[PDB]
Amino acid sequence: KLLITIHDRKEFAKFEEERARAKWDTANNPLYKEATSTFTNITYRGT
């Protein structure tokens with residue numbers, strides 16, 4: 716629908732993937748203005 720049609724949803728399931736890092740987030744809100752989900756900002760390498 717958005718870009719890949721696979722992780723566009725799946726990173727909202729395990730939250731461990733994030734291709735575009737929630738980006739589309741259509742599984743939650745319209746874009747990502749409300750509450751998007753990203754670990755990649757704090758889970759960089761493991762610090």
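Note that the sequence shown covers residues 716 to 762 in mature numbering (1 follows the signal peptide of the UniProt record, and there is no 0). Built from N, CA and C at the ideal position, the CB exists for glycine as well.
{"Query": "Going by the CB atoms, is the gap between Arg724 and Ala742 shorter than 8 angstroms?", "Result": "yes"}
{"Query": "Using CA coordinates, which residue listed in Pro745, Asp740, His722, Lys738 is at the minimum distance from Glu732?", "Result": "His722"}
{"Query": "Hey, how far is the Cα of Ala728 from the Cα of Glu749?", "Result": "18 angstroms"}
{"Query": "Report all residues from its chain with a CB closer than 7 angstroms to the CB of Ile719; omit the five preceding and five following residues, and keep chain order.", "Result": "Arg734"}
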